[PDB]
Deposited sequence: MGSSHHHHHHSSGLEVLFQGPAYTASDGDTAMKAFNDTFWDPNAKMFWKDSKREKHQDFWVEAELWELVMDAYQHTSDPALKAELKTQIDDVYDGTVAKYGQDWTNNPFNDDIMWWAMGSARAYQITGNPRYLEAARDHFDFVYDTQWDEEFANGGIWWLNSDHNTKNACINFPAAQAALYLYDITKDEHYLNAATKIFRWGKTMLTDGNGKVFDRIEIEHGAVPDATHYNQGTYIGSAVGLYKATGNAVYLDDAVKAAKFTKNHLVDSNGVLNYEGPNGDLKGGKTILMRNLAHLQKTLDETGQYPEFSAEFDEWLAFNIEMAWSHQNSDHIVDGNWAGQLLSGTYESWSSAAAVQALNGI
């Protein structure tokens, strides 16, 4: 049995809508979650499905993988390519690849491949910044970490599924460009690069996270040690910069997109943690990293309410109203794979 079980059960009890097959945005159960965040809650369901050995929770979560998809398709349709936000398309392409791995349901591989191919085949460009995927498919003014590294990750899942080297080539070309043009080369991931004023070196949890995850995935697909080093350097930056003075990961609210970003960070830190624990690579860092992760999980869960819900401000919420994105990160932290 696990604290991850309790945390995921509580999350579903608080925020899941079995009628609309969608998460509520908050504990008042009034409006459903925003499109892209819903794909990140979809992945938390998947993470908890992989983490749990509770037979009731395992079967519920496996069903819920299908339900989340059906709720979203019922509202937004099956074809997300009319969404101007390439990031929206890619967060759901990545979720769909993972759903295929778990379920074997062909609809998910079609959704993943079709949506990924639309973004990468049409939104990759070498005229601005020597490479990279555009943020939007309407106006082309910026290329962003929050599309490019998720795209590398989606490509890696698609290579794992298909064994089509095209997807390894894509993952590698996207990551290589992103490391060059959206990082300092030393683990700091820049938000975006804009035509007018160039690189915007604002780092955040979710962009550290997708860079770490795509580097770990490239390490596993290629065996090239540089990708594991890239992940370690980005984890070091995260733990010394995106933390309070006590070492607890930051709160990036009140921005609605960022406030839940620890969810995506913790998901990807878990991949690095597992690779280093299992391989005995970077043993000094691995030990420090594991201690810091344990410390963060302990501090988050120390601030659970009586319903076992943890607000995303892990430094301290007594207002009675909890949000599903902000609250997700603590559940993710206890469901790492």
Let me make sure I understand the coverage. Which parts of the deposited sequence, in order from the N-terminal end, have no C-alpha coordinates here? 1 to 24, 341
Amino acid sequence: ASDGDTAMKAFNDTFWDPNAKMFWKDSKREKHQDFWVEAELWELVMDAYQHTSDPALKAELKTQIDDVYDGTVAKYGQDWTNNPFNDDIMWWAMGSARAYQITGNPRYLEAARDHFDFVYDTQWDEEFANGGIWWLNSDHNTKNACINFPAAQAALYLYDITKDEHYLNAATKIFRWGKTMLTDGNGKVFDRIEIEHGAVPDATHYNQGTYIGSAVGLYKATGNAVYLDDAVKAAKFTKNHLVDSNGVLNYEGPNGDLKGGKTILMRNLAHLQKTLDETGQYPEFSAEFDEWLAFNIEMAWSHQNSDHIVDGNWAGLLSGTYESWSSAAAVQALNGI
From here on, numbers count along this sequence of modelled residues.
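Basically, rigid core = biggest C-alpha set you can superpose within 1.5 Å across the two forms.
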Could you say which moves further from this form in 4 other deposited structures of this protein, stretch 37 to 45 or stretch 55 to 63, by root mean square CA distance after aligning on the core? 55 to 63
Looking across the other entries that model both neighbours, is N19 missing in at least a third? no
Does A329 go missing in at least one third of the other entries compared here? no
Comparing 301 to 309 with 42 to 50, which has the greater mean CA B-factor as deposited? 301 to 309
Taking the deposited Cα B-factors and averaging over 55 to 63 and over 271 to 279, the higher mean is found in 55 to 63
According to the Cα B-factor stored in this entry, which of the following is highest: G261, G247, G185, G213? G185
According to the deposited entry, which of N207, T81, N169, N148 has the largest Cα B-factor? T81
Is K220 in the lowest, middle or highest third of its chain when residues are ranked by C-alpha B-factor? middle
Modelled-residue ranking by C-alpha temperature factor, third containing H241: lowest
Against its chain's modelled residues, does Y100's Cα B factor rank lowest, middle or highest third? middle
Which third, lowest, middle or highest, does the CA B-factor of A129 fall in along this chain? highest
For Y108, return the chain-relative third of its C-alpha B-factor as stated in the PDB record: lowest, middle or highest. middle
